Amino acid sequence: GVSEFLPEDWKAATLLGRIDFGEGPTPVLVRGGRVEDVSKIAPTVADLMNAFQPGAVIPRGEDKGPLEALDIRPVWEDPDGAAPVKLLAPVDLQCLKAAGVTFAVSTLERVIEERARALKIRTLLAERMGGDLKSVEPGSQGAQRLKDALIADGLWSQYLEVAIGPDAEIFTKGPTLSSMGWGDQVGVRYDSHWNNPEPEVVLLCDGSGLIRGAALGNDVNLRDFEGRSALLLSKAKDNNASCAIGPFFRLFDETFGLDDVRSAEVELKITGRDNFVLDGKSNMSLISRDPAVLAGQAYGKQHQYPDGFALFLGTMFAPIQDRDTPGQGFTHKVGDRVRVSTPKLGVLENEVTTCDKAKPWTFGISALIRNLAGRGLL
Amino acid sequence: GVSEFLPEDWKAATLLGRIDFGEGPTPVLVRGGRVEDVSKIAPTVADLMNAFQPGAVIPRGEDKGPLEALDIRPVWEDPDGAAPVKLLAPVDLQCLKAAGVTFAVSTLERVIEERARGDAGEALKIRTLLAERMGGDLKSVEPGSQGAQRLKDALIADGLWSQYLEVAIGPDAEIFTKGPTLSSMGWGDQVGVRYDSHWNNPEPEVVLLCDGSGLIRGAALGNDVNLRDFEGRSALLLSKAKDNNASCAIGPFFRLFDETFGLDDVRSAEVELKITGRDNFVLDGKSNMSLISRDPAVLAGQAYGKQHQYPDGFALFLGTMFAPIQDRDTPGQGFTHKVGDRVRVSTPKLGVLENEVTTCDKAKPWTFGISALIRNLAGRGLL
Ligand SMILES: O=P([O-])(O)O
Ligand SMILES: O=P([O-])(O)O
Ligand SMILES: O=P([O-])(O)O
Ligand SMILES: O=P([O-])(O)O
Ligand SMILES: [N+]
Ligand SMILES: [N+]
Ligand SMILES: [N+]
């Protein structure tokens, strides 16, 4: 069932992704429900977005027929890759960037509720800032007053700095071409004991720093590493198969735009072999920094991205549901299936294993170059 | 002129890098003091390293003449790029990785900036407390050992523990992405400090070249341009403190390991830092790689393995050996960059990496990425 991970109105949508039809990764546009191989128009997704700015007509690629007729199978049904067609992550040459601590209200309230083990705390804090904590504006003067009041209470932390300060937390999620897509295995380090998915929306940005579309993401996260030291953030975020993006980027058009991202309800479901089930659901409406503002902090006068970039927008999901150890929260088991979904983008589903058991990352930039050159696409 | 930034024995060395002769980036070897265009052997440095294993002789490329005869000029003598030949960063497709707090002088200054919340005006008082309290304890254990665990417990009981000490002496080194692939500056380039940073510094380092099998192939010098006010405000701003336009420099070339040069030379390298400014500030200092807390091969083995691969290879900054605190403008306020600063990182076996500092917004933007490289190579018939 291919149709089950697509947006509800996907035949009216413009989807952009990558498919291996048997000869290597191929940029595809899905329009009118039909797949177009656009590799002769541009050999990569990054190249396509740079060749056709917003507002430009993208010509038609080679007809590959209806999308739901392609024999696409996920890894948990097709371990050996018997399928004649493989769906890939919809990024290729883009840098993989991620924002974190973008939902500042829940960060603040979790700090307060940890201190309370609350009314008096929220009262004095809101009066120093000059308004309700639910209205905190990161990087504002009210946020500076809140910062100082929190330093005075002994509640300040480096996480609150990126929650309400002028600079958002933005980091490199993984190397270019290393992302997993729909139906792939994702990896948690074998030496991580406390880890979780992070259900997110991922923006697609072109080499001019313009937002072009959005996909779902799983920012696989190793809590025990980051908890020992924030300087292990990279090691908690960037390992073999630790990034999943997909199934397609949905491009902005008459049917879909950034305002639909701004109000998207993102759902998470984790299903284990042990019959564990976890559900979580969170609205992008509560994000404390606008997606365009986050993109503008990643890209501007002081950082460019000539091949474009993808940007995870962060999450307010908290992995506090106990699984097997009371008090310590969630952690993955091998074989967990993780679904991240939202109606306008479809469903990103992956299966969890450890980083050493997932297939190694072998198809890098040089591998792509040789593949594209051998096909005459350059 | 050109020999001033090369190894003292450079005509006997094997140097690997990238030059634009006027048609685009070209992998080159410098052997016998002569430049070889090896683009017909492999179109990129990353491909060259994946095609020839360590110890295998790389065949001769196309002779381009003596290196010192090429009209190579740095940006402070050629601001508009009139020179017909340009030396580039010696990396192309490699990921740019960096290790942190591998030298005790850096570890102490990280804890100081953390306690100051990135405020340079607080550093003097905090340094006065912490240098005395923690002096001589960091290098008393091997990182990741049982001894290091007992030291951690002592420091926690002292009220001296920090998330930076966790990566200084714990089992997991701090390794992060310094910048995107193809974004590095090289010798003679401008490097960029963010214009909204007011507490920043160069970070001289030795940079390993590793291939797609994780093997260490050679070494270059590096400058990990760093923003203390950003990282001090929050370690979650590490990436913003490290990764901005033109914030990474590697060069002048990678010296490949052979009979004249090996990892043991990397392990004992004396590195010199010189900073000069338009205000006639001068800083000059030296330190030795033997002070590193984790062996370079151990750092490379933490970066690459069963849980992270790098099919195009990677460069690895080994960690800064300097943390400048010399007062520039105000007594007790320490150092920060000004536009026009010249930073020279040098060691006898590798030469000199020299850059001119400006702000990120004034440096030329990063425009030549992966697609540009692919198009350039394809158009030259090199694929
Ligand atoms: O290219 P857009 O119109 O989908 O953003
Ligand atoms: O807000 P900025 O300085 O990250 O653009
Ligand atoms: O922790 P640092 O040394 O990478 O700033
Ligand atoms: O990791 P660094 O900041 O010492 O280069
Ligand atoms: N588009
Ligand atoms: N920024
Ligand atoms: N460091």
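Being assigned to a loop (DSSP other than H, G, I, E, B) and closer than 30 Å to A:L177 by Cβ is true for just one of B:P90, B:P143, B:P84. Which residue is that? None of the other options fit; the residue is B:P90. Criterion first (in contact with a helix residue (DSSP H, G or I) (Cβ under 9 Å, 6 or more places away or on another chain), part of a loop (DSSP other than H, G, I, E, B) and buried (at least 18 other Cβ atoms within 10 Å of the Cβ)) does B:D47 satisfy it? For B:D47, the condition - in contact with a helix residue (DSSP H, G or I) (Cβ under 9 Å, 6 or more places away or on another chain), part of a loop (DSSP other than H, G, I, E, B) and buried (at least 18 other Cβ atoms within 10 Å of the Cβ) - is not met. Which residue pairs have Cβ atoms under 7 Å apart, sit 6 or more places apart or on different chains, and have a first residue in segment A:128-142 that is within 14 Å of chain B (Cβ to nearest Cβ) and a second that is within 15 Å of ligand 2 (Cβ to nearest atom) and β-branched (V, I, T)? Here the result reads A:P138/A:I164, each pair linking segment A:128-142 to a residue that is within 15 Å of ligand 2 (Cβ to nearest atom) and β-branched (V, I, T). The single residue among A:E200, A:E137, A:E127 that is buried (at least 24 other Cβ atoms within 10 Å of the Cβ) and either among the acidic types (D, E) or in the same structural domain as A:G327 (by TED's automatic domain parsing) (or both) turns out to be A:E200.
Applying the condition of being part of a strand (DSSP E or B) and within 16 Å of ligand 6 (Cβ to nearest atom) to segment A:287-329 and asking which residue is surrounded by the fewest Cβ atoms within 10 Å (Cβ to Cβ) yields A:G300.
A quick yes/no check of all residues on (1) within 16 Å of ligand 3 (Cβ to nearest atom); (2) among the charged types (D, E, K, R):
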{"site": "B:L182", "(1), (2)": "no, no"}
{"site": "B:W187", "(1), (2)": "no, no"}
{"site": "B:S197", "(1), (2)": "yes, no"}
{"site": "B:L208", "(1), (2)": "no, no"}
{"site": "B:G214", "(1), (2)": "no, no"}
{"site": "B:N223", "(1), (2)": "yes, no"}
{"site": "B:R228", "(1), (2)": "yes, yes"}
{"site": "B:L238", "(1), (2)": "yes, no"}
{"site": "B:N245", "(1), (2)": "no, no"}
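Within segment A:275-313, the set of residues being among the polar types (S, T, N, Q) and out of contact with any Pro (no Cβ under 6 Å at 6 or more places or on another chain) comprises A:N275, A:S282, A:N283, A:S285, A:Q297, A:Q302.
Screening B:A300 against (1) more than 15 Å from the chain's Cα centre (by Cα); (2) farther than 30 Å from B:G1 by Cα leaves a single unmet condition, (1). Put simply, of A:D191, A:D167, A:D148 the only residue that is facing chain B (nearest Cβ under 9 Å) and farther than 21 Å from A:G314 by Cβ is A:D191.
Within segment A:214-255, restricting attention to residues that are in a loop (DSSP other than H, G, I, E, B) and more than 21 Å from B:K178 (Cβ to Cβ), the residue that is nearest to the other protein chains (Cβ to nearest Cβ) is A:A241.
For first residues located in segment B:360-382 and at the interface with another protein chain (Cβ under 9 Å from one of its Cβ atoms), partners that are of a type in the set (K, R) and surrounded by 16 or more Cβ atoms within 10 Å (Cβ to Cβ) and lie 6+ apart or on another chain with Cβ distances below 7 Å form the pairs B:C360/B:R194.
Of all the criteria given as (1) more than 9 Å from every other protein chain (Cβ to nearest Cβ); (2) within 30 Å of B:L383 (Cα to Cα); (3) touching a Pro at 6+ places or on another chain (Cβ under 9 Å), the one not satisfied by A:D336 is (2).
Screening segment B:169-213 for strands (runs of 3 or more DSSP E) wholly inside it with 1 or more residues that are within 11 Å of the chain's Cα centre (by Cα) returns the ranges B:174-179, B:204-210.
May I ask you to verify whether B:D153 is acidic (D, E), over 18 Å from B:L316 (Cβ atoms) and crowded, with 23+ Cβ neighbours inside 10 Å? So B:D153 does not fit the description; no.
Here the Cβ is made from the backbone with ideal geometry for all residues, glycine too, and neighbour counts use every protein chain on show. Numbers and lists here come from the model and the stated rules, or from a named source; no laboratory read-out is quoted.
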